[PDB]
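Trainee: Quick one: the structure is below, questions incoming.
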Amino acid sequence: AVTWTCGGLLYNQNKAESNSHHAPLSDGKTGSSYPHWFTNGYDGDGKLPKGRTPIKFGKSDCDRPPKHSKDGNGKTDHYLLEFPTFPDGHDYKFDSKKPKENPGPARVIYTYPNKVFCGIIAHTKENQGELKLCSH
């Protein structure tokens with residue numbers, strides 16, 4: 001339950017997951033948008049294309065190939081999905097399209113269905129460059 005950080009703001013693992021626990025399990029199906037499928041570098045099903053580098057977490061679940069399709073959460077599509085988890089601990093208005101609050105550079109990335117929390121990703125290179133996992 002350590003505090004995850006992605007060079008900017010903090011992210012209590014409990015909120016990183018809990019903030020998402022509320023988030024409706026689905027590939028982008030919320031009033032706002034988030035959560036959504038996180039290709040992680042993949043195209044949709046097949047592994048990453050010749051020339052790419054996904055985010056390493058340490059789990060063989062998130063590392064595995066996703067099973068996304070034209071639906072989002074069809075059968076057991078173990079597609080990775082991210083979610084903007086703020087530190088404030090406020091349940092982001094991800095379900096309310098309008099109004100919509102600003103997102104975050106850090107999001108909780110977990111495999112489906114079982115939210116196999118892998119960690120939080122964000123661009124800790126400057127402001128918005130490459131994507132990487134936080135450092136807990």
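Chain labels follow the order of the structure tokens: the first chain is A, the next B, and so on; residue numbering restarts at 1 in every chain, and ligands are counted from 1 in their shown order.
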Skip residue 86 (chain A) itself and residues of its chain fewer than 3 positions away, then list as a PyMOL selection string all residues within 7 Å of it, counting only C-alpha atoms.
Mentor: chain A and resi 11+89-90+104
Trainee: Produce a file of the selected residues containing N, CA, C and O atoms, as a PDB file, in the first residue's frame.
Mentor:
```pdb
ATOM      1  N   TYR A  11       0.555   8.977  -5.072  1.00  0.00           N
ATOM      2  CA  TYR A  11      -0.498   8.095  -5.523  1.00  0.00           C
ATOM      3  C   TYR A  11      -0.551   6.902  -4.595  1.00  0.00           C
ATOM      4  O   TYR A  11       0.116   5.886  -4.791  1.00  0.00           O
ATOM      5  N   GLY A  89      -7.777  11.682  -3.526  1.00  0.00           N
ATOM      6  CA  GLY A  89      -8.572  10.553  -3.151  1.00  0.00           C
ATOM      7  C   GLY A  89     -10.002  10.741  -3.546  1.00  0.00           C
ATOM      8  O   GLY A  89     -10.824   9.898  -3.197  1.00  0.00           O
ATOM      9  N   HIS A  90     -10.269  11.844  -4.241  1.00  0.00           N
ATOM     10  CA  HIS A  90     -11.584  12.152  -4.725  1.00  0.00           C
ATOM     11  C   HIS A  90     -11.867  11.235  -5.905  1.00  0.00           C
ATOM     12  O   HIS A  90     -11.014  11.050  -6.775  1.00  0.00           O
ATOM     13  N   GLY A 104      -4.908  13.123 -15.015  1.00  0.00           N
ATOM     14  CA  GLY A 104      -3.600  13.100 -14.402  1.00  0.00           C
ATOM     15  C   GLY A 104      -2.562  12.391 -15.269  1.00  0.00           C
ATOM     16  O   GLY A 104      -2.908  11.527 -16.091  1.00  0.00           O
TER      17      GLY A 104
END
```
Trainee: Using only C-alpha atoms, determine which residues lie at most 6 Å from region 24-33 of chain A, disregarding the query and same-chain residues fewer than 2 positions distant; provide the list as a ChimeraX atom specification.
Mentor: /A:35-37,72-73,94-97
Trainee: May I ask for the distance between CA of residue 125 (chain A) and CA of residue 100 (chain A), given in Å to one decimal place?
Mentor: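 CA of residue 100 (chain A) lies at a distance of 26.8 Å from CA of residue 125 (chain A).
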Trainee: Find the nearest atom pair between each residue of region 101-133 of chain A and region 40-63 of chain A for residues within 9 Å, count only C-alpha atoms, give distances in Å to one decimal, sort rows by chain and ascending number, and present the table as a tab-separated table.
Mentor:
```
residue	atom	partner	partner_atom	distance
A:109	CA	A:62	CA	8.6
A:110	CA	A:62	CA	7.2
A:111	CA	A:62	CA	5.8
A:116	CA	A:61	CA	7.5
A:117	CA	A:62	CA	8.7
A:118	CA	A:57	CA	5.7
A:119	CA	A:57	CA	6.8
A:121	CA	A:55	CA	8.0
A:131	CA	A:55	CA	7.6
A:132	CA	A:55	CA	5.8
A:133	CA	A:55	CA	6.3
```
Trainee: Just checking: using only C-alpha atoms, which residue out of A:122, A:112, A:1, A:64 ends up closest to residue 77 (chain A)?
Mentor: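 Residue with the minimum atom-to-atom distance to residue 77 (chain A): A:112.
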Trainee: DSSP says strand (DSSP E) for which residues of chain A? Put them as number ranges by chain?
Mentor: A: 3-5, 10-12, 36-37, 81-82, 107-109, 119-122, 132-133
Trainee: Any chance you can output those residues with N, CA, C and O atoms as a PDB file, in the first residue's frame?
Mentor:
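Dumped everything to out-v9.pdb:
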```
ATOM      1  N   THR A   3       3.127   4.453  -1.123  1.00  0.00           N
ATOM      2  CA  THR A   3       2.747   5.571  -1.957  1.00  0.00           C
ATOM      3  C   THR A   3       3.536   5.575  -3.259  1.00  0.00           C
ATOM      4  O   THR A   3       4.746   5.770  -3.267  1.00  0.00           O
ATOM      5  N   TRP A   4       2.849   5.310  -4.364  1.00  0.00           N
ATOM      6  CA  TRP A   4       3.446   5.318  -5.682  1.00  0.00           C
ATOM      7  C   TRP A   4       3.567   6.748  -6.168  1.00  0.00           C
ATOM      8  O   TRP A   4       2.725   7.583  -5.880  1.00  0.00           O
ATOM      9  N   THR A   5       4.639   7.075  -6.859  1.00  0.00           N
ATOM     10  CA  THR A   5       4.852   8.437  -7.340  1.00  0.00           C
ATOM     11  C   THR A   5       5.391   8.367  -8.736  1.00  0.00           C
ATOM     12  O   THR A   5       6.252   7.538  -9.016  1.00  0.00           O
ATOM     13  N   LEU A  10       1.851  12.300  -5.730  1.00  0.00           N
ATOM     14  CA  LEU A  10       1.870  11.013  -5.062  1.00  0.00           C
ATOM     15  C   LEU A  10       0.617  10.249  -5.432  1.00  0.00           C
ATOM     16  O   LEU A  10      -0.290  10.823  -6.017  1.00  0.00           O
ATOM     17  N   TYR A  11       0.555   8.977  -5.072  1.00  0.00           N
ATOM     18  CA  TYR A  11      -0.498   8.095  -5.523  1.00  0.00           C
ATOM     19  C   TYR A  11      -0.551   6.902  -4.595  1.00  0.00           C
ATOM     20  O   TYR A  11       0.116   5.886  -4.791  1.00  0.00           O
ATOM     21  N   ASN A  12      -1.283   7.045  -3.500  1.00  0.00           N
ATOM     22  CA  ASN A  12      -1.393   5.953  -2.565  1.00  0.00           C
ATOM     23  C   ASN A  12      -1.861   4.729  -3.312  1.00  0.00           C
ATOM     24  O   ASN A  12      -2.939   4.826  -3.859  1.00  0.00           O
ATOM     25  N   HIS A  36      -9.739   3.188 -19.758  1.00  0.00           N
ATOM     26  CA  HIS A  36      -9.676   2.811 -21.171  1.00  0.00           C
ATOM     27  C   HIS A  36      -8.680   1.705 -21.397  1.00  0.00           C
ATOM     28  O   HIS A  36      -7.976   1.365 -20.475  1.00  0.00           O
ATOM     29  N   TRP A  37      -8.703   1.023 -22.520  1.00  0.00           N
ATOM     30  CA  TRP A  37      -7.707   0.000 -22.783  1.00  0.00           C
ATOM     31  C   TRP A  37      -6.357   0.687 -23.015  1.00  0.00           C
ATOM     32  O   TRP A  37      -6.238   1.702 -23.706  1.00  0.00           O
ATOM     33  N   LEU A  81      -5.982  -2.027 -18.879  1.00  0.00           N
ATOM     34  CA  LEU A  81      -6.698  -0.771 -18.886  1.00  0.00           C
ATOM     35  C   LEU A  81      -6.116   0.130 -17.819  1.00  0.00           C
ATOM     36  O   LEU A  81      -5.812  -0.322 -16.715  1.00  0.00           O
ATOM     37  N   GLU A  82      -5.940   1.395 -18.167  1.00  0.00           N
ATOM     38  CA  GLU A  82      -5.462   2.373 -17.211  1.00  0.00           C
ATOM     39  C   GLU A  82      -6.584   3.219 -16.629  1.00  0.00           C
ATOM     40  O   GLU A  82      -7.640   3.372 -17.241  1.00  0.00           O
ATOM     41  N   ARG A 107      -1.671   7.088 -13.912  1.00  0.00           N
ATOM     42  CA  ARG A 107      -2.863   6.264 -13.898  1.00  0.00           C
ATOM     43  C   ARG A 107      -2.563   4.874 -13.421  1.00  0.00           C
ATOM     44  O   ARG A 107      -1.455   4.443 -13.672  1.00  0.00           O
ATOM     45  N   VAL A 108      -3.513   4.187 -12.805  1.00  0.00           N
ATOM     46  CA  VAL A 108      -3.386   2.795 -12.364  1.00  0.00           C
ATOM     47  C   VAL A 108      -3.646   1.815 -13.489  1.00  0.00           C
ATOM     48  O   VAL A 108      -4.664   1.899 -14.162  1.00  0.00           O
ATOM     49  N   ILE A 109      -2.680   0.962 -13.777  1.00  0.00           N
ATOM     50  CA  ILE A 109      -2.755   0.048 -14.907  1.00  0.00           C
ATOM     51  C   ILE A 109      -2.900  -1.330 -14.310  1.00  0.00           C
ATOM     52  O   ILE A 109      -2.050  -1.785 -13.537  1.00  0.00           O
ATOM     53  N   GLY A 119       0.908  -1.312 -11.480  1.00  0.00           N
ATOM     54  CA  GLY A 119       1.516  -0.063 -11.086  1.00  0.00           C
ATOM     55  C   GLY A 119       0.929   1.108 -11.824  1.00  0.00           C
ATOM     56  O   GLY A 119      -0.104   0.990 -12.479  1.00  0.00           O
ATOM     57  N   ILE A 120       1.572   2.250 -11.661  1.00  0.00           N
ATOM     58  CA  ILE A 120       1.086   3.478 -12.261  1.00  0.00           C
ATOM     59  C   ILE A 120       2.052   3.871 -13.323  1.00  0.00           C
ATOM     60  O   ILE A 120       3.227   3.683 -13.119  1.00  0.00           O
ATOM     61  N   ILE A 121       1.614   4.408 -14.439  1.00  0.00           N
ATOM     62  CA  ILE A 121       2.496   4.813 -15.517  1.00  0.00           C
ATOM     63  C   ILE A 121       2.410   6.306 -15.655  1.00  0.00           C
ATOM     64  O   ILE A 121       1.359   6.860 -15.351  1.00  0.00           O
ATOM     65  N   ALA A 122       3.442   6.938 -16.190  1.00  0.00           N
ATOM     66  CA  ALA A 122       3.508   8.367 -16.423  1.00  0.00           C
ATOM     67  C   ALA A 122       4.830   8.729 -17.099  1.00  0.00           C
ATOM     68  O   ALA A 122       5.812   7.989 -17.083  1.00  0.00           O
ATOM     69  N   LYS A 132       6.433   5.402 -18.870  1.00  0.00           N
ATOM     70  CA  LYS A 132       7.145   4.447 -18.024  1.00  0.00           C
ATOM     71  C   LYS A 132       6.342   4.193 -16.780  1.00  0.00           C
ATOM     72  O   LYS A 132       5.380   4.916 -16.551  1.00  0.00           O
ATOM     73  N   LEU A 133       6.699   3.168 -16.027  1.00  0.00           N
ATOM     74  CA  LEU A 133       6.024   2.859 -14.778  1.00  0.00           C
ATOM     75  C   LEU A 133       6.637   3.720 -13.685  1.00  0.00           C
ATOM     76  O   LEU A 133       7.814   4.068 -13.790  1.00  0.00           O
TER      77      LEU A 133
END
```
Trainee: Could you work out how far CA of residue 19 (chain A) lies from CA of residue 91 (chain A), giving the answer in Å with one decimal?
Mentor: 5.8 Å
Trainee: Figure out the distance between CA of residue 20 (chain A) and CA of residue 93 (chain A), please, to one decimal in Å.
Mentor: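 According to the coordinates, CA of residue 93 (chain A) and CA of residue 20 (chain A) are separated by 11.7 Å.
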Trainee: Can you tell me which residues surround residue 103 (chain A) at a distance of at most 8 Å, considering only C-alpha atoms, apart from same-chain residues fewer than 2 positions away, and format the answer as a PDB file with N, CA and C atoms, in the first residue's frame?
Mentor:
```pdb
ATOM      1  N   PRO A  84      -7.140   7.240 -14.362  1.00  0.00           N
ATOM      2  CA  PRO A  84      -6.579   8.427 -13.746  1.00  0.00           C
ATOM      3  C   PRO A  84      -6.939   8.458 -12.276  1.00  0.00           C
ATOM      4  N   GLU A 101     -13.360  17.073 -15.023  1.00  0.00           N
ATOM      5  CA  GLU A 101     -12.146  17.618 -14.441  1.00  0.00           C
ATOM      6  C   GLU A 101     -10.907  17.180 -15.223  1.00  0.00           C
ATOM      7  N   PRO A 105      -1.279  12.736 -15.067  1.00  0.00           N
ATOM      8  CA  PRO A 105      -0.184  12.106 -15.779  1.00  0.00           C
ATOM      9  C   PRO A 105       0.061  10.697 -15.276  1.00  0.00           C
TER      10      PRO A 105
END
```
